[PDB]
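To start, the structure itself, in structure tokens.
Basis: the model, the stated rules and, where named, an outside source; nothing here is a laboratory result. Cβ placement follows ideal geometry from the backbone for every residue including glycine, while neighbour counts extend to all protein chains displayed.
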Amino acid sequence: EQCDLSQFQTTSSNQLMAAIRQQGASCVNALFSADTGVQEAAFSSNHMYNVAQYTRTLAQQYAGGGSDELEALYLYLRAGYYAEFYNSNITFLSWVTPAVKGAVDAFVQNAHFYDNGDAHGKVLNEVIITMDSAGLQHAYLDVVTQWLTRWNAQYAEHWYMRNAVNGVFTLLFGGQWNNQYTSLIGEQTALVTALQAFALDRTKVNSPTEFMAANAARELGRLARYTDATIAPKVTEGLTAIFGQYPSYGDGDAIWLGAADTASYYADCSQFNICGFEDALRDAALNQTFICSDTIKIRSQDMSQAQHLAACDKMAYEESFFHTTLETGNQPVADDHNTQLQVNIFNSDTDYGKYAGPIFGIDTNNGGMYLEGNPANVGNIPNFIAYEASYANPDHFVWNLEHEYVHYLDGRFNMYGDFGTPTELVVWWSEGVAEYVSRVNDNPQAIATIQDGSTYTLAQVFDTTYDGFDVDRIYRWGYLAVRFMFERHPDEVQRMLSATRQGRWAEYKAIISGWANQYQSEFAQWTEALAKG
Ligand SMILES: [Ca+2]
Ligand SMILES: [Ca+2]
Ligand SMILES: [Ca+2]
Ligand SMILES: [Ca+2]
Ligand SMILES: [Zn+2]
């Protein structure tokens, strides 16, 4: 029943292995995020070697049907390498990894390694991940080829089999930083052939395994970087087959686009005659057009007329509330011709992930993106890009519609020059004002981050960056800092904006560093009255 993490903080391998098998894989999970005290005790080189030896002989005896103990043991072993990476106090001696490779081989060579089934899939998942976590990607290319060859609809029925076998592609990805692997990968013609066939299996399209086919396509495209190798004609032959068999937009385009993403990074699009696919993709994927007004155009993938209307109506609303709150006088900053805005809305975050990168040139591991372009250019039309979501705001249900729209208004009326122009950090303001103008006082997560005990000073908020993408600090605490100033010192907000509206970034920074000294006490008390009321 209950996890007892202290049992793992021990010098006895027997007590350690008793804790693994008796607490099971779900308690061993705690070791990933445990204190450096527990990690250092549990993941000594002695423990790893002894656990690996016992794991090797239990795996030799495996007779199918799954194993909670093996699952927990290989989970432990791969947790050690995780801790070895993140914990400086932890470095494995040279004789550990050969023993871990002994434990993995024992499972690989067991007659049941390629068994089908959900319980088996659970252990298999941990073994395949360990191949990656232990830097052994060079040792199992023939295992990858076997799994790619043997996969079929019967394996596909089990979630844990899909999840486990998908780990071969993470292994091919991880091999890039494995000098044995990159020394070997150029001769693996059988593996390349099996990757081609796996991705080209049309029965995976629109199935629960399509995502595996897309991963196979991606990993294949990475192999185009070995331009001289024995595998190079077959890699090229495989990529050509994928691009010609699947559409860039339609059923299976995740496979097409998966290949395109990596193949373009390591070779040129002209080899496969796919240069400039993004334009036809933009027209096919964003095939609806709705003209809100002469200043806002929507291009969308699949929205209803009612969503279009509610989106137009909501943006017109935010515009007038923005201009009143920011005291713009409707006067844009200088050298900004961004009178017209183009709004691009995909059907879902999945579609955004597939399509927005190529069409717009952006990262898509986020909730949306605003692209100001160059306001000084006559004919510049900025774009924000977003996706429909069930949890978005009715009646449009476009995730971050109001948020991105305020980015456009902020960029045109508060922030001189294009996006990269400032020479000081403006993240707290840009994101804070985008949240505050669009949510005003409805922000439960902002209240929550006050009540949970972890807080930020004004000084820390102003020095916030996108590094690590700390959503709490960026969006919640940016929101609080902005809201606090508009409520308690809106006249100081205008003094700041006099600077930002003229590009005077050093004066802007001197102004808000003054705030971080004057108003910290007032801000601290204010966040408390917010968490109380
Ligand atoms: Ca380390
Ligand atoms: Ca829709
Ligand atoms: Ca601007
Ligand atoms: Ca917090
Ligand atoms: Zn934003």
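Quick check: anything in segment 223-231 aromatic (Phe, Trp, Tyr) and either surrounded by fewer than 18 Cβ atoms within 10 Å (Cβ to Cβ) or under 26 Å from the mean Cα position of the chain (by Cα) (or both)?
Taking every residue of segment 223-231 in turn, none turns out to be aromatic (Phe, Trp, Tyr) and either surrounded by fewer than 18 Cβ atoms within 10 Å (Cβ to Cβ) or under 26 Å from the mean Cα position of the chain (by Cα) (or both).
If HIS396 passes every condition in (1) crowded, with 20+ Cβ neighbours inside 10 Å; (2) closer than 16 Å to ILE298 by Cα; (3) more than 19 Å from the chain's Cα centre (by Cα); (4) away from ligand 2 (no atom under 16 Å from the Cβ) but one, which one does it miss?
(4)
Check segment 293-302 and report whether any residue there is touching a residue at least 12 places away in the same chain (Cβ under 8 Å), away from ligand 5 (no atom under 16 Å from the Cβ) and in a helix (DSSP H, G or I).
There is no residue in segment 293-302 that is touching a residue at least 12 places away in the same chain (Cβ under 8 Å), away from ligand 5 (no atom under 16 Å from the Cβ) and in a helix (DSSP H, G or I).
Would you confirm, using the coordinates I've provided, whether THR500 is touching a residue at least 12 places away in the same chain (Cβ under 8 Å), touching a helix residue (DSSP H, G or I) at 6+ places or on another chain (Cβ under 9 Å) and surrounded by fewer than 14 Cβ atoms within 10 Å (Cβ to Cβ)?
no
Condition test on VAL427, is it outside the structural domain of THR289 (by TED's automatic domain parsing) and either β-branched (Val, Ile, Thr) or under 17 Å from the mean Cα position of the chain (by Cα) (or both)?
It is true that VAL427 is outside the structural domain of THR289 (by TED's automatic domain parsing) and either β-branched (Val, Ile, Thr) or under 17 Å from the mean Cα position of the chain (by Cα) (or both).
What residue, of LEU70, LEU75, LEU93, is away from ligand 5 (no atom under 16 Å from the Cβ), surrounded by fewer than 18 Cβ atoms within 10 Å (Cβ to Cβ) and farther than 26 Å from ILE185 by Cα?
Only one candidate passes the filter, namely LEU93.
Just one of (1) within 13 Å of ligand 3 (Cβ to nearest atom); (2) over 25 Å from the mean Cα position of the chain (by Cα) trips up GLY379, so point out which.
Tallying (1) within 13 Å of ligand 3 (Cβ to nearest atom); (2) over 25 Å from the mean Cα position of the chain (by Cα), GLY379 fails exactly one: (1).
Would you mind finding the one in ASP253, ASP336, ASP261 that is in contact with a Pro (Cβ under 6 Å, 6 or more places away or on another chain), of a type outside the set (A, V, I, L, M, F, W, C) and either surrounded by fewer than 18 Cβ atoms within 10 Å (Cβ to Cβ) or outside the structural domain of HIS396 (by TED's automatic domain parsing) (or both)?
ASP253
For every residue, the table says whether it meets (1) away from ligand 5 (no atom under 15 Å from the Cβ); (2) outside the structural domain of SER300 (by TED's automatic domain parsing); (3) at positive phi.
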| residue | (1), (2), (3) |
| --- | --- |
| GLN340 | yes, no, no |
| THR350 | yes, no, no |
| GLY367 | no, no, no |
| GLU404 | no, no, no |
| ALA434 | no, yes, no |
| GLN451 | yes, yes, no |
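Could you give me the residue pairs with C-beta distances under 7 Å whose first residue belongs to segment 20-42 and is assigned by TED's automatic domain parsing to the domain that holds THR91 and loosely packed, with under 14 Cβ neighbours inside 10 Å, whose second residue is not β-branched (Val, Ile, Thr) and not in a helix (DSSP H, G or I) wherever it lies, and which are 6+ apart or on separate chains?
Matching pairs, first to second residue: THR36/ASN87; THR36/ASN89; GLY37/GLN9.
Might you check whether a residue that is closer than 19 Å to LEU530 by Cα and surrounded by 21 or more Cβ atoms within 10 Å (Cβ to Cβ) occurs anywhere in segment 416-430?
Looking through segment 416-430, none of the residues is closer than 19 Å to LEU530 by Cα and surrounded by 21 or more Cβ atoms within 10 Å (Cβ to Cβ).
Got a sec? Which helices (runs of 4 or more DSSP H) wholly within segment 398-494 have at least 3 residues that are touching a residue at least 60 places away in the same chain (Cβ under 8 Å)?
Because the criterion is at least 3 residues that are touching a residue at least 60 places away in the same chain (Cβ under 8 Å), the helices (runs of 4 or more DSSP H) in segment 398-494 that meet it are 401-413, 427-439, 444-451.
Out of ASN380, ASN414, report the one residue that is within 15 Å of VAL482 (Cβ to Cβ) and more than 16 Å from ligand 4 (Cβ to nearest atom).
It is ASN414.
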